[PDB]
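Below you'll find the structure, written out as structure tokens, and then a few comments.
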Amino acid sequence: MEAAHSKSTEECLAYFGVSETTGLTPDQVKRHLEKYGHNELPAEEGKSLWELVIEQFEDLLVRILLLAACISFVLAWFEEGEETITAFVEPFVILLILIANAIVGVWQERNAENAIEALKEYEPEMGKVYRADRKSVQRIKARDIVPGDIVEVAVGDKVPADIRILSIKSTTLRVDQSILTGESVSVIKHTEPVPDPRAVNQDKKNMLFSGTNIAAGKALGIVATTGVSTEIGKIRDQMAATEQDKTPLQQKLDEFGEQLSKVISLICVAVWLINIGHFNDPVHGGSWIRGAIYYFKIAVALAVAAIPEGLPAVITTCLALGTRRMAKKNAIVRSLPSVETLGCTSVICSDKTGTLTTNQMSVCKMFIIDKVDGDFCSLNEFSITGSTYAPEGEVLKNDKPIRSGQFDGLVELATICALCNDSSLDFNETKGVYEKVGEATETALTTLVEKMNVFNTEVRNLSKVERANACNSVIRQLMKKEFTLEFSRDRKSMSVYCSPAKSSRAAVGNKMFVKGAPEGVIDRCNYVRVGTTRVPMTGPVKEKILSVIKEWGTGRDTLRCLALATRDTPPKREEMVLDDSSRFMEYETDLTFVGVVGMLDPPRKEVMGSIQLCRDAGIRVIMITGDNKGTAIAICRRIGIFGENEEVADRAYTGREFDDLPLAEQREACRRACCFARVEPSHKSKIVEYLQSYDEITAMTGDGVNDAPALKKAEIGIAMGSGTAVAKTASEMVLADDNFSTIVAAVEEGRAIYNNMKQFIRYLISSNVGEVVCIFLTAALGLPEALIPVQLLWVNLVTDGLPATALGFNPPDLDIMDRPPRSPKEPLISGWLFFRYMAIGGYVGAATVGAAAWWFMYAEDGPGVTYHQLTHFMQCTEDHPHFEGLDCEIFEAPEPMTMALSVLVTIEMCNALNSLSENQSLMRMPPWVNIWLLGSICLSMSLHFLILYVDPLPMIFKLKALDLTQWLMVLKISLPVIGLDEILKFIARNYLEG
Ligand SMILES: C/C=C(/C)C(=O)O[C@@H]1C[C@H]2C(=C1C)[C@@H]1OC(=O)[C@@](C)(O)[C@@]1(O)[C@@H](OC(=O)CCCCCCCCCCC)C[C@]2(C)OC(C)=O
Ligand SMILES: [K+]
Ligand SMILES: [Mg+2]
């Protein structure tokens with residue numbers, strides 16, 4: 001039963017048909033349980049090693065390798081008895097690759113954490129009900145509570161379900177709904193129904209939300225909803241229904257796999273055609289078994305050559321580094337793949353209070369009425385100093401200090417500020433600072449009181465531990481606070497019924513002290529206190545009052561104002577029902593205005609600039625605040641969301657206005673809006689959807705469990721470090737200092753990261769392109785494998801990885817934050833850059849094949865078969881008399897392979913230098929720009945020699961050191977690459993719209 005809040009205590013007992021005195025019966029219990037199910041959120045997502053591990057082998061690339069590893073394994077164990085036992089080091093390495101990346105995927109995910117799982121931390125294990133099967137209370141398991149049965153809760157207890165309160169046993173019930181609603185201060189509950197059927201949780205004063213805590217009291221109530229139908233359950237459902245897309249890069253990876261898959265097979269078709277003559281050859285002899293082995297060994301090589309096996313390692317090590325780098329700047333990024341999406345954010349929705357402002361209130365101006373006479377009128381504005389809650393400052397009229405006592409209007413303004421106030425101050429030795437006790441806007445008022453001690457009471461003769469609440473406790477012993485009418489958004493105010501202490505003063509006694517939003521409070525005033533006297537509130541004086549409030553809340557001050565009043569002759573105590581906030585506005589009427597106080601929540605230093613950066617970066621910044629409209633705008637101008645004189649009519653909306661619109665304009669408002677005031681949880685999710693309907697990468701801030709649905713729906717959920725853990729676990733990033741600027745600093749790094757990341761990716765991908773061209777030639781000619789999978793792997797993993805990771809530390813462009821947000825759909829390689837790698841690839845594929853074919857033909861160390869189709873090498877033993885008057889093992893020589901392998905290795909180091917910049921020539925951007933790059937190249941080259949000399953290595957890599965004259969052959973073949981590209985870059989920079 002929803003809406004329980006708008007129903008009466010009786011109607012709820014009626015609906016379920018249960019007795020507040022007996023509690024459901026067992027027949028009612030088991031029946032309700034088969035209709036409402038158990039009181040608990042659904043289980044977890046069932047994924048097992050079998051299932052988990054599978055995916056790790058779902059990726060097309062991985063699939064392709066797994067296959068190749070097999071063909072390899074088969075051949076590897078299907079040749080000579082011991083011609084080279086190392087026949088197995090090929091399939092084994094591939095497997096280790098796949099195996100290792102899987103062990104990564106698994107360990108990776110296992111250390112993840114579900115935001116929905118985090119919700120269960122708010123489910124109590126036990127609960128307390130009164131059922132017919134016993135007169136005394138039973139402490140059962142929460143999971144077994146049902147809609148309708150009578151529940152009992154008290155201090156310390158965590159609410160087990162959404163409960164409609166029946167009767168409060170204590171004198172007051174206080175609940176900590178921080179997580180849901182938000183208000184961190186314990187809020188007061190009642191029993192009377194809330195009219196509005198569509199009331200927001202914050203106003204369901206007669207409800208207990210499952211998951212919240214009883215800060216103070218004991219109550220009895222009936223369970224309205226259970227499990228998934230509770231406020232928090234409704235939230236779990238939204239998060240479960242949320243589906244996150246794949247990072248643009250992750251999409252590009254799948255798309256790239258789908259292609260690489262096609263090209264490969266197309267090459268096979270082509271290759272098969274190139275050697276179609278085999279179908280016009282002898283009907284006997286040859287070797288269908290040897291030619292086959294050949295085409296299969298080409299398959300496996302082709303595959304190893306087409307996939308960037310070192311990329312996974314390079315990409316993660318790059319992100320891991322950035323991550324740590326951002327943490328140093330207070331941006332904790334959980335989910336490495338997010339660093340990217342982060343960088344492309346186009347819109348940022350930020351909560352104001354804790355992140356755009358400091359949330360450290362302080363009163364700057366006061367004002368009481370000085371004189372009313374006819375239509376003449378004169379106020380007594382003031383100004384106050386001190387931005388800290390610290391009791392140190394001065395009050396001033398026209399910048400000139402003053403002793404507040406000389407004014408009676410201030411004597412009262414202060415008393416009201418000290419009595420109608422649930423908060424306070426406290427000094428600590430730990431940090432020697434004065435800390436806010438209750439709430440921020442109230443803890444500021446107690447502070448104001450100290451700074452204007454109306455009575456001049458001595459205090460410099462007091463420490464700081466007592467200086468805290470000194471001038472306040474005086475006013476506290478001057479009146480006796482009978483009771484307080486707590487704040488409610490309907491009347492936008494709160495009051496307190498005090499009664500004079502002793503007879504010493506006993507001045508008319510029983511006074512009512514109210515403080516609230518001006519509009520409301522001033523309307524309920526029929527009088528105005530001028531110092532010590534009273535006069536009837538009149539139109540003139542009213543205008544003069546509202547005006548100053550508008551200038552303080554709209555003007556460049558952007559101050560939040562609080563009207564302060566007193567009800568001189570309040571109703572008789574007996575005639576008041578202190579337990580139905582519905583009658584409180586009635587009690588707070590026929591008031592006399594005593595003064596207003598305007599306080600300020602200061603923007604943070606770094607925020608002003610940060611807002612500017614977003615402008616230059618093409619990132620839209622949307623403020624989400626509580627402050628009423630008009631004032632919200634003021635705040636936006638003050639921080640730069642709006643220009644002091646910039647129009648804002650259509651760029652600012654209130655939760656109401658927005659709801660009042662049709663899906664049509666609701667969506668339109670979102671593309672141009674920049675300020676949302678008096679919002680609501682429902683809105684944050686709606687606002688994201690719209691922003692998304694414009695393919696905008698939006699980041700959203702939040703911190704309570706009520707923000708999690710939206711935090712998880714945005715492209716980047718940003719949680720506050722001081723926020724709940726649920727908020728955190730549902731966001732991709734956490735602000736250690738809750739500072740907005742931290743966000744911008746993070747988006748920047750993101751853009752940086754992607755830029756280098758984008759280079760080394762192009763680099764590795766390009767090398768694969770060439771490696772493949774090589775393999776395509778070696779086989780389209782019918783010549784000996786110039787390159788082996790084992791070597792290719794070593795290169796794609798080790799020799800090329802080092803330079804690739806180095807490219808991760810490439811200097812960041814200085815204009816990063818001056819260009820708009822990168823389009824997610826922008827391809828890593830297309831247009832001219834494509835053609836370049838197309839060509840470069842074509843080059844290394846030739847250099848490598850030719851390099852090895854050179855040591856065969858034109859070599860001084862090996863028998864050069866000159867220009868005689870050395871390809872038919874397949875037929876030597878059988879035809880040792882037709883063009884073969886020499887050995888036949890020369891075709892499996894190590895020299896020709898180390899020849900082609902070394903041209904690759906060096907062409908790669910050259911390419912790793914052509915990758916320091918997409919278009920800038922090496923003369924303009926020299927290799928030394930990135931020390932790491934050069935240094936890594938030495939480790940690569942030497943590591944190359946490591947496998948040419950050290951025993952095990954060469955033997956198993958099919959490599960044998962080459963002399964100082966062959967090496968020069970390498971340099972002559974490879975080095976030119978730097979030139980080929982320099983030319984292509986020149987074409988891009990000059991003869992090309994770039
Ligand atoms: C690979 C070997 C051979 C023999 C081959 O044939 O590669 C072809 C050629 C083509 C592509 C292939 C499939 C790609 O297919 C695509 O769909 C595109 C449009 O990606 C693609 O066209 C380009 O690659 C790219 O843009 C960058 C793709 C980057 C993919 C990985 C992104 C990062 C993944 C991160 C995961 C966390 C250009 C590319 C290669 O040609 C040239 C000259 O670069
Ligand atoms: K998200
Ligand atoms: Mg919140």
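By order of appearance in the structure tokens: chains A, B, ..., then residues from 1 within every chain, and ligands from 1 in the order shown.
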Contacts of chain A with ligand 3 up to 8 Å, shortest pair per row, only C-alpha atoms and all ligand atoms, as JSON lines:
{"residue": "A:179", "atom": "CA", "partner": "ligand 3", "partner_atom_place_in_ligand_line": "1 (Mg)", "distance": 7.6}
{"residue": "A:180", "atom": "CA", "partner": "ligand 3", "partner_atom_place_in_ligand_line": "1 (Mg)", "distance": 7.9}
{"residue": "A:181", "atom": "CA", "partner": "ligand 3", "partner_atom_place_in_ligand_line": "1 (Mg)", "distance": 7.1}
{"residue": "A:182", "atom": "CA", "partner": "ligand 3", "partner_atom_place_in_ligand_line": "1 (Mg)", "distance": 4.9}
{"residue": "A:702", "atom": "CA", "partner": "ligand 3", "partner_atom_place_in_ligand_line": "1 (Mg)", "distance": 5.8}
{"residue": "A:703", "atom": "CA", "partner": "ligand 3", "partner_atom_place_in_ligand_line": "1 (Mg)", "distance": 5.3}
{"residue": "A:704", "atom": "CA", "partner": "ligand 3", "partner_atom_place_in_ligand_line": "1 (Mg)", "distance": 4.6}
{"residue": "A:705", "atom": "CA", "partner": "ligand 3", "partner_atom_place_in_ligand_line": "1 (Mg)", "distance": 7.7}
{"residue": "A:706", "atom": "CA", "partner": "ligand 3", "partner_atom_place_in_ligand_line": "1 (Mg)", "distance": 6.7}
{"residue": "A:707", "atom": "CA", "partner": "ligand 3", "partner_atom_place_in_ligand_line": "1 (Mg)", "distance": 6.2}
Determine, using only C-alpha atoms and all ligand atoms, which residues of chain A have any atom at most 6 Å from an atom of ligand 1, and tabulate each with its shortest atom pair and distance in Å to one decimal place, rows ordered by chain and then rising number, as a tab-separated table.
residue	atom	partner	partner_atom_place_in_ligand_line	distance
A:249	CA	ligand 1	35 (C)	5.2
A:250	CA	ligand 1	36 (C)	4.7
A:252	CA	ligand 1	32 (C)	5.2
A:253	CA	ligand 1	34 (C)	4.2
A:255	CA	ligand 1	17 (O)	5.0
A:256	CA	ligand 1	17 (O)	4.1
A:259	CA	ligand 1	13 (C)	4.2
A:260	CA	ligand 1	13 (C)	3.7
A:263	CA	ligand 1	6 (O)	5.2
A:306	CA	ligand 1	2 (C)	4.3
A:766	CA	ligand 1	44 (O)	5.8
A:768	CA	ligand 1	2 (C)	5.3
A:769	CA	ligand 1	2 (C)	4.3
A:772	CA	ligand 1	4 (C)	5.0
A:827	CA	ligand 1	26 (O)	5.4
A:828	CA	ligand 1	26 (O)	4.4
A:829	CA	ligand 1	26 (O)	3.5
A:830	CA	ligand 1	26 (O)	6.0
A:834	CA	ligand 1	43 (C)	4.4
A:837	CA	ligand 1	43 (C)	4.3
A:838	CA	ligand 1	43 (C)	4.1
task = One decimal, Å: what's the distance from CA of residue 22 in chain A over to CA of residue 140 in chain A, could you say?
result =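 One can read the CA of residue 22 in chain A to CA of residue 140 in chain A distance as 16.3 Å.
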inquiry  = Could you check the closest approach to residue 530 in chain A for each of A:910, A:368, A:219, A:925 and tell me which residue wins, using only C-alpha atoms?
reply    =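 Nearest to residue 530 in chain A: A:368.
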inquiry  = Just want the residues within 8 Å of ligand 2, written as JSON, numbers by chain, counting only C-alpha atoms and all ligand atoms.
reply    = {"A": [244, 699, 710, 711, 712, 713, 714, 715, 716, 717, 730, 731, 732]}
Could you write out the selected residues, including N, CA, C and O atoms, as a PDB file, in the first residue's frame?
ATOM      1  N   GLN A 244      24.624   0.733 -19.065  1.00  0.00           N
ATOM      2  CA  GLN A 244      25.702   1.603 -19.540  1.00  0.00           C
ATOM      3  C   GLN A 244      26.345   1.150 -20.853  1.00  0.00           C
ATOM      4  O   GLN A 244      26.731  -0.013 -21.009  1.00  0.00           O
ATOM      5  N   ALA A 699      28.299  14.572 -17.235  1.00  0.00           N
ATOM      6  CA  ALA A 699      28.768  14.123 -15.930  1.00  0.00           C
ATOM      7  C   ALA A 699      27.784  14.741 -14.936  1.00  0.00           C
ATOM      8  O   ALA A 699      27.372  15.891 -15.088  1.00  0.00           O
ATOM      9  N   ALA A 710      20.593   8.488 -10.817  1.00  0.00           N
ATOM     10  CA  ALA A 710      21.124   9.430 -11.799  1.00  0.00           C
ATOM     11  C   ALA A 710      22.633   9.286 -11.964  1.00  0.00           C
ATOM     12  O   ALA A 710      23.132   9.261 -13.080  1.00  0.00           O
ATOM     13  N   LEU A 711      23.358   9.172 -10.855  1.00  0.00           N
ATOM     14  CA  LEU A 711      24.804   9.015 -10.931  1.00  0.00           C
ATOM     15  C   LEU A 711      25.162   7.863 -11.825  1.00  0.00           C
ATOM     16  O   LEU A 711      26.158   7.905 -12.514  1.00  0.00           O
ATOM     17  N   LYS A 712      24.342   6.824 -11.817  1.00  0.00           N
ATOM     18  CA  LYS A 712      24.628   5.637 -12.610  1.00  0.00           C
ATOM     19  C   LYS A 712      24.130   5.755 -14.041  1.00  0.00           C
ATOM     20  O   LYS A 712      24.529   5.014 -14.926  1.00  0.00           O
ATOM     21  N   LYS A 713      23.286   6.731 -14.271  1.00  0.00           N
ATOM     22  CA  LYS A 713      22.721   6.928 -15.581  1.00  0.00           C
ATOM     23  C   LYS A 713      23.515   7.914 -16.436  1.00  0.00           C
ATOM     24  O   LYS A 713      23.490   7.846 -17.672  1.00  0.00           O
ATOM     25  N   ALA A 714      24.218   8.831 -15.774  1.00  0.00           N
ATOM     26  CA  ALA A 714      25.023   9.832 -16.464  1.00  0.00           C
ATOM     27  C   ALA A 714      26.146   9.085 -17.155  1.00  0.00           C
ATOM     28  O   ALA A 714      26.306   7.889 -16.947  1.00  0.00           O
ATOM     29  N   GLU A 715      26.910   9.766 -18.001  1.00  0.00           N
ATOM     30  CA  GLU A 715      28.022   9.095 -18.678  1.00  0.00           C
ATOM     31  C   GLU A 715      29.145   8.966 -17.665  1.00  0.00           C
ATOM     32  O   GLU A 715      29.937   8.029 -17.719  1.00  0.00           O
ATOM     33  N   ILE A 716      29.218   9.938 -16.761  1.00  0.00           N
ATOM     34  CA  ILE A 716      30.214   9.928 -15.706  1.00  0.00           C
ATOM     35  C   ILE A 716      29.519  10.371 -14.444  1.00  0.00           C
ATOM     36  O   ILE A 716      29.043  11.493 -14.340  1.00  0.00           O
ATOM     37  N   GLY A 717      29.439   9.465 -13.489  1.00  0.00           N
ATOM     38  CA  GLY A 717      28.825   9.799 -12.229  1.00  0.00           C
ATOM     39  C   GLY A 717      29.934  10.283 -11.322  1.00  0.00           C
ATOM     40  O   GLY A 717      30.953   9.615 -11.142  1.00  0.00           O
ATOM     41  N   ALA A 730      28.481   3.859  -7.250  1.00  0.00           N
ATOM     42  CA  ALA A 730      27.686   3.958  -8.474  1.00  0.00           C
ATOM     43  C   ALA A 730      28.233   4.999  -9.422  1.00  0.00           C
ATOM     44  O   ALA A 730      27.689   5.225 -10.494  1.00  0.00           O
ATOM     45  N   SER A 731      29.302   5.646  -9.006  1.00  0.00           N
ATOM     46  CA  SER A 731      29.917   6.696  -9.786  1.00  0.00           C
ATOM     47  C   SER A 731      31.241   6.184 -10.345  1.00  0.00           C
ATOM     48  O   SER A 731      31.811   5.247  -9.809  1.00  0.00           O
ATOM     49  N   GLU A 732      31.728   6.808 -11.412  1.00  0.00           N
ATOM     50  CA  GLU A 732      33.001   6.410 -12.022  1.00  0.00           C
ATOM     51  C   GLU A 732      34.144   7.172 -11.357  1.00  0.00           C
ATOM     52  O   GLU A 732      35.298   6.757 -11.407  1.00  0.00           O
TER      53      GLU A 732
END
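Considering the residues A:607, A:333, A:292, A:874 and counting only C-alpha atoms, residue 355 in chain A has its shortest atom-to-atom contact with A:607.
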ask   = Hey, what does DSSP flag as strand (DSSP E) within range 620-842 of chain A? Can you give it to me as a VMD selection string?
value = chain A and resid 620 to 625 652 to 654 675 to 677 698 to 702 716 to 720 733 to 735
Distance in Å - CA of residue 173 in chain A versus CA of residue 145 in chain A = 21.8 Å
request  = Go through A:409, A:386, A:820, A:227 and flag the residue nearest residue 600 in chain A, using only C-alpha atoms for the distances.
outcome  =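 Of A:409, A:386, A:820, A:227, the one nearest residue 600 in chain A, counting only C-alpha atoms, is A:386.
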key: Residue contacts of residue 482 in chain A (8 Å, only C-alpha atoms) excluding same-chain residues fewer than 5 positions away, as a VMD selection string   = chain A and resid 496 to 499
Can I get the selection written as an mmCIF file, in the first residue's frame, with N, CA and C atoms?
data_model
loop_
_atom_site.group_PDB
_atom_site.id
_atom_site.type_symbol
_atom_site.label_atom_id
_atom_site.label_comp_id
_atom_site.auth_asym_id
_atom_site.auth_seq_id
_atom_site.Cartn_x
_atom_site.Cartn_y
_atom_site.Cartn_z
ATOM 1 N N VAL A 496 9.639 29.393 18.168
ATOM 2 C CA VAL A 496 9.805 28.856 19.500
ATOM 3 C C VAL A 496 8.987 29.691 20.453
ATOM 4 N N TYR A 497 8.331 28.980 21.362
ATOM 5 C CA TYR A 497 7.474 29.553 22.381
ATOM 6 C C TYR A 497 8.327 29.562 23.638
ATOM 7 N N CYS A 498 8.751 30.751 24.053
ATOM 8 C CA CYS A 498 9.578 30.896 25.246
ATOM 9 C C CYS A 498 8.766 31.567 26.339
ATOM 10 N N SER A 499 9.208 31.390 27.576
ATOM 11 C CA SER A 499 8.537 32.010 28.709
ATOM 12 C C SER A 499 9.651 32.563 29.567
#
Go through range 407-511 of chain A and flag each residue having an atom no more than 12 Å from range 555-579 of chain A; for those, report the closest pair of atoms plus their distance in Å to one decimal, using only C-alpha atoms, ordered by chain and rising number, as CSV.
residue,atom,partner,partner_atom,distance
A:409,CA,A:565,CA,11.0
A:410,CA,A:564,CA,11.0
A:412,CA,A:566,CA,9.1
A:413,CA,A:564,CA,6.8
A:414,CA,A:564,CA,9.5
A:415,CA,A:564,CA,10.1
A:416,CA,A:564,CA,6.9
A:417,CA,A:564,CA,7.8
A:418,CA,A:564,CA,11.3
A:419,CA,A:566,CA,11.3
A:420,CA,A:564,CA,9.4
A:421,CA,A:564,CA,11.6
A:441,CA,A:560,CA,9.4
A:442,CA,A:562,CA,10.5
A:444,CA,A:562,CA,11.8
A:445,CA,A:562,CA,10.1
A:482,CA,A:573,CA,9.5
A:483,CA,A:578,CA,8.4
A:484,CA,A:578,CA,8.6
A:485,CA,A:578,CA,7.3
A:486,CA,A:578,CA,9.9
A:492,CA,A:562,CA,10.3
A:493,CA,A:563,CA,9.2
A:494,CA,A:564,CA,10.2
A:495,CA,A:566,CA,8.7
A:496,CA,A:566,CA,9.3
A:497,CA,A:570,CA,8.2
A:498,CA,A:570,CA,10.1
A:499,CA,A:573,CA,10.3
A:507,CA,A:568,CA,10.7
A:508,CA,A:569,CA,8.2
A:509,CA,A:569,CA,8.6
A:510,CA,A:570,CA,6.9
A:511,CA,A:568,CA,5.5
Residue contacts of residue 585 in chain A (9 Å, only C-alpha atoms) excluding same-chain residues fewer than 4 positions away, as number ranges by chain = A: 490-491, 493-494, 524, 581, 589
Since we have the selection now, will you write its residues out, keeping N, CA, C and O atoms, as a short mmCIF file (atom, residue, chain, number, x, y, z; two decimals), in the first residue's frame?
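New file again_20.cif:
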data_model
loop_
_atom_site.label_atom_id
_atom_site.label_comp_id
_atom_site.auth_asym_id
_atom_site.auth_seq_id
_atom_site.Cartn_x
_atom_site.Cartn_y
_atom_site.Cartn_z
N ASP A 490 6.06 23.97 4.01
CA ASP A 490 4.79 24.60 3.67
C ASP A 490 4.84 26.08 4.10
O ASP A 490 4.60 26.98 3.28
N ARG A 491 5.18 26.32 5.36
CA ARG A 491 5.24 27.68 5.86
C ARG A 491 6.62 28.32 5.74
O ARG A 491 6.76 29.52 5.98
N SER A 493 9.29 28.30 7.63
CA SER A 493 9.74 28.97 8.84
C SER A 493 9.64 28.05 10.02
O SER A 493 9.10 26.95 9.93
N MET A 494 10.17 28.52 11.14
CA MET A 494 10.15 27.78 12.38
C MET A 494 10.03 28.80 13.51
O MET A 494 10.36 29.97 13.32
N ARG A 524 2.85 37.50 7.30
CA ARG A 524 2.13 37.21 8.53
C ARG A 524 2.41 38.25 9.63
O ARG A 524 2.08 38.02 10.80
N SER A 581 2.07 19.74 12.47
CA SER A 581 2.72 20.85 11.78
C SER A 581 1.79 21.61 10.86
O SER A 581 2.19 22.62 10.27
N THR A 589 1.22 33.68 13.47
CA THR A 589 0.61 34.77 12.75
C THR A 589 0.49 36.00 13.64
O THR A 589 0.88 35.97 14.82
#
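Between residue 993 in chain A and the candidates A:640, A:477, A:832, A:98, the tightest atom-to-atom separation, counting only C-alpha atoms, involves A:832.
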request  = Would you mind telling me which residue in A:408, A:183, A:176, A:696 lies nearest to residue 216 in chain A when using only C-alpha atoms?
outcome  = A:176
query = Taking into account only C-alpha atoms, which residue in the set A:836, A:883, A:86, A:458 is nearest to residue 954 in chain A?
reply =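 Counting only C-alpha atoms, the residue closest to residue 954 in chain A is A:86.
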